[PDB]
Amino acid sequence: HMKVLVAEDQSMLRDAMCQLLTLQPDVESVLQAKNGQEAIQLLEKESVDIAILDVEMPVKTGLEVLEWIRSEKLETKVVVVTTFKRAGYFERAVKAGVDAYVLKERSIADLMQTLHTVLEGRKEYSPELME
C-alpha cells in the first residue's frame, strides 16, 4: 500500500534502494528522482505517502525539497537519508519538521523500520546527530 518516492543522485544506490523497497510486501510502488528538482516535479503530480530524500544532490537538495513540502502544506512523510553528519543539515531538517533523519551508516533493515515508524505518525532522529 505504501507509495514511496526516492530522491538520490547516486544511480547505483538509488537503484539498489528502490529494488529492495519494491520487494517489500507493504510497498505498492517506488518513484525515482535523481535530484531535488525531479523530486518536487513528481510530488506536484503523483500521490506519495513517503519521500526518502538524500541531502546533497545537484540542482536542489533534499532539504530544499523538504522545505518546499512544508511551505506547500503537503502531508507527505519525509525521511532524510545522508552520509553527512553535518550539524547544520540536521538542524535545518528539524526546523523544517522532518519526520526522520537517517545516516547511510544504517542498514536497509534499519531504513525499513524507519519507514514503518514515520507511517505511524512517529519520528526518528539519528542518535549520532542528537549526539
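The numbering used is simple: start at 1 and walk along the sequence shown.
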{"item": "Average Cα temperature factor in the PDB entry - higher stretch of 63-71, 83-91", "value": "83-91"}
{"item": "Average Cα temperature factor in the PDB entry - higher stretch of 31-39, 94-102", "value": "94-102"}
{"item": "Record-listed C-alpha B factor of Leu129: chain third", "value": "highest"}
{"item": "Chain-wide C-alpha B factor ranking for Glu46, given as lowest, middle or highest third", "value": "middle"}
{"item": "Third of the chain's Cα B-factor distribution that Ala7 belongs to, per the entry", "value": "lowest"}
